[PDB]
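The data below hold one chain only, encoded as structure tokens and taken in the form deposited in one PDB entry.
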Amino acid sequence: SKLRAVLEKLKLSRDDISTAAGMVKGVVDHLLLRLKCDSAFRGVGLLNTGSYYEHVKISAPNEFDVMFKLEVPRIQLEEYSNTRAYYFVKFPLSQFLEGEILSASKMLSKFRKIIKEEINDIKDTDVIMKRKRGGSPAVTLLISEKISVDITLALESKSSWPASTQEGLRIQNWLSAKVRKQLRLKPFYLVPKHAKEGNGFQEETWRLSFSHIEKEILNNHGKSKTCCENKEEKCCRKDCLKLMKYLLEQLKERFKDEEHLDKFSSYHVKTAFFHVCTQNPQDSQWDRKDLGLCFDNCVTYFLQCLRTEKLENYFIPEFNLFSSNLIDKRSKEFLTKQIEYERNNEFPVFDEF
């Protein structure tokens, strides 16, 4: 009942949703219209993604994610240095070429410059652009000093997914082989997040994103097509993800003056959650009346990922989110220590008083 009380606190206010939805749509639709007036971005379209649109945003509707997608015909990908997730793109767009290479940094720079200029002309609403966030492919706005919106430029390809995904998306026993085939016929996206190059970055490179598929999975998440559509099939999958997100969010807030938790994000618990869904494919393994055990399942799986330093990207199995190339052993051991403490003491970080 403690966890149910936490979930109640984490629910979004209907009034907050109403106000935030109206503000975000108005700003983003406006910016989409304006971007379409530039010769480079004339074909851009909108794709809403991330936790708000997955219905697993917690506490307040104060952070939205949207892709501004662009279909570039005759796209040719080249994997960057066996990184599995990062690619060169080979091809109004000549302004972004460096050779035959379509430079991710050049496109993102112009994207940001246009948005910056357009929000300066917005006089009816309080809209500012936040300082660049290291390693982010997004341009981030703050509306009314309270609502953050991450706008990510994304190249769209309707080609077959890259070979690094061949063994990913292992949903056959959970969501079915038919659905896996259907999802892999959808487009994929490249976002301007650059591969590491020594102490710097390979500024021409793009990164694969399957944020849209993650949304498809979370909003059609049951083995039963009617999971969570009736009183007899309410599962606790989304509640477990919300609780894992809150656990990480609260620990990051508490330990914010440490650096050890700075490299963890909600995508780590999202990825681990998808793996637990693969391991537990039946809706009967996610019964509402088993919330406590299901959440403990999720926590101990995440702990094992930290201990083994293994957290495969759900779509790209050879991309290890917990590689020591990305996160120090010391940082993973530190997070392990804090989560173990929370588990062993019935999650005091969840308590308001």
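Residue numbers here begin at 1 and follow the sequence given. Just so we're on the same page, rigid core means the largest C-alpha set that superposes within 1.5 Å between forms.
Unmodelled residues of the deposited sequence between residue 91 and residue 92: 4 to 9. When 3 to 11 is weighed against 343 to 351, 343 to 351 comes out higher, by mean CA B-factor as recorded in the entry. Mean CA temperature factor is higher for 225 to 233 when stretches 175 to 183 and 225 to 233 are set side by side in the entry. Highest CA B-factor among the listed residues (266, 280, 152, 159): 159. Of the candidates 287, 65, 312, 328, the deposited coordinates give 328 the top C-alpha B factor. Ranked by Cα temperature factor within the chain, residue 272 sits in the lowest third according to the deposited record.
Per the deposited record, the Cα B-factor of residue 255 falls in the highest third when ranked against the other modelled residues of its chain.
Compared with the other modelled residues of the chain, the Cα B-factor recorded for residue 206 ranks in the middle third. Remark: residue 31 belongs to the middle third of its chain, ranked by C-alpha B-factor as recorded. In the PDB entry, residue 148 places in the lowest third of its chain by CA B-factor.
One more form of this protein should be noted, the form deposited in another entry, which is absent from this view; the next part is about it.
Looking at CA displacements between the shown form and the other one with the core superposed, a shift of 2 Å or more is confined, among 59, 285, 297, 320, to 59.
Residue 11 is not among the residues whose C-alpha shifts by 2 Å or more between the shown form and the other one once the rigid core is aligned; its shift stays under 2 Å.
In the core-superposed comparison between the shown form and the other one, the C-alpha atom of residue 99 has shifted by less than 2 angstroms. Taking the rigid core as fixed, one finds a CA shift for residue 254 smaller than 2 Å between the shown form and the other one. Between residue 327 and residue 57, the Cα distance is smaller in that other deposited form than in this structure, by no less than 3 angstroms.
In that other deposited form, the CA atoms of residue 11 and residue 14 sit closer together than in the displayed form, by at least 3 angstroms.
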